[PDB]
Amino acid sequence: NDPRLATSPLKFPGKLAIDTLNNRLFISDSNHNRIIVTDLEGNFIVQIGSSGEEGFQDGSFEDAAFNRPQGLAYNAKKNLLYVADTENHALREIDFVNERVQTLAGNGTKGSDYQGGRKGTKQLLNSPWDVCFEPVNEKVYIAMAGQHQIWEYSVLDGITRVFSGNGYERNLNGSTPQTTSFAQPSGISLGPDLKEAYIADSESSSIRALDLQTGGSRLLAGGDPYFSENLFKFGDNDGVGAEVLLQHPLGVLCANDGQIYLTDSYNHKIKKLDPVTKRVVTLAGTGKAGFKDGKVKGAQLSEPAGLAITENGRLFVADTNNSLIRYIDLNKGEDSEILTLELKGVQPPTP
């Protein structure tokens, strides 16, 4: 209903990443098949995918093409942005020093390889949805939503292989990669000790912690902790551990203080999960899909999916179905509000 929604330059942005060294915000503008780089205030810097048209082309920023990208991760040391180019079934790399877009894995077509281990474009994928970058070991962890697996790309050898999950669509939290299953994982974010990676397990409606040394995982909140086959213990309920009900969370972000932020996407809320107490509170949203800013208990979102955070504590949200990027300044409990962040200089894909 609002005038801001009519005039958005984004169409259904899926995810977000942030460069805190250089005050840059990366927006995956999924349904325009492009990446937008703005400053932390929404002012435009540069575009990757100017056509707006679904395609699969490497090269310079103006030649390059994506197909419904979602997840973005930032390599600070090398000034690179990893892209989960979902409907190209590829992992792609935006090079900001060389103004080049390169493909790191995948070949354009959906694979059936549940094991992997090939190099570069010879290794196929299946709807990669989110990524994160482990900086000491130079690994990209991939949420393969299409095979219910977490995969691992090594920067050093160019190998993409399965990292965890046997491929059955289940909420199964074992202690090895084979004895673990995922259910449409769509968000991954590393804890601050780099030993765990928190998982937004969408079709189980759970948040899970993948062990980066063993390959097993722990159930944190949401889902049925008893029957790995029940992908229906979903709902909307705050609490601790098994009390918690979520519905199809698509995004997750771990902050440096260890606190986990998530998008309870089909509940149109944004929740915070404490990794020690397993307590989940609601940070913003009512439960009704729509657009409204202000204080968070009255405020509204529409299928949010992606988060990024500054170190002064500003939490940006890809309010996907509203096609807006929003933000909340955390830890102002009585005064907490969700604002819409206008973007200046950002315009639709030119014909």
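All residue numbers are counted from 1 along the displayed sequence.
Participant: Averaging C-alpha B-factors over each stretch, which comes out higher, 183 to 191 or 115 to 123?
Facilitator: Per the PDB record, 115 to 123.
Participant: Would you tell me which stretch averages the higher CA B-factor in the PDB entry, 64 to 72 or 294 to 302?
Facilitator: Higher mean C-alpha B-factor in the PDB entry: 294 to 302.
Participant: Can you pull the Cα B-factors for 257, 236, 130, 85 from the entry and say which is highest?
Facilitator: It is 257.
Participant: Highest recorded C-alpha temperature factor, please, choosing from 109, 206, 175, 147.
Facilitator: So the option with the highest C-alpha B-factor is 109.
Participant: Could you say whether, by C-alpha temperature factor, residue 282 belongs to the lowest, middle or highest third of its chain?
Facilitator: Within its chain, residue 282 is a middle-third residue by C-alpha B-factor, going by the deposited values.
Participant: If you rank the chain by CA B-factor, which third does residue 197 end up in: lowest, middle or highest?
Facilitator: For residue 197, whose C-alpha B-factor we compare with every modelled residue in the chain, the answer is the lowest third.
Participant: Of the three thirds of its chain by CA temperature factor, lowest, middle or highest, which one includes residue 275?
Facilitator: Tercile = middle for this residue's CA B-factor.
Participant: If you rank the chain by CA B-factor, which third does residue 55 end up in: lowest, middle or highest?
Facilitator: Ranked within chain, residue 55 CA B lands in the lowest tercile.
Participant: Can you work out whether the C-alpha temperature factor of residue 338 puts it in the lowest, middle or highest third of the chain?
Facilitator: Highest third.
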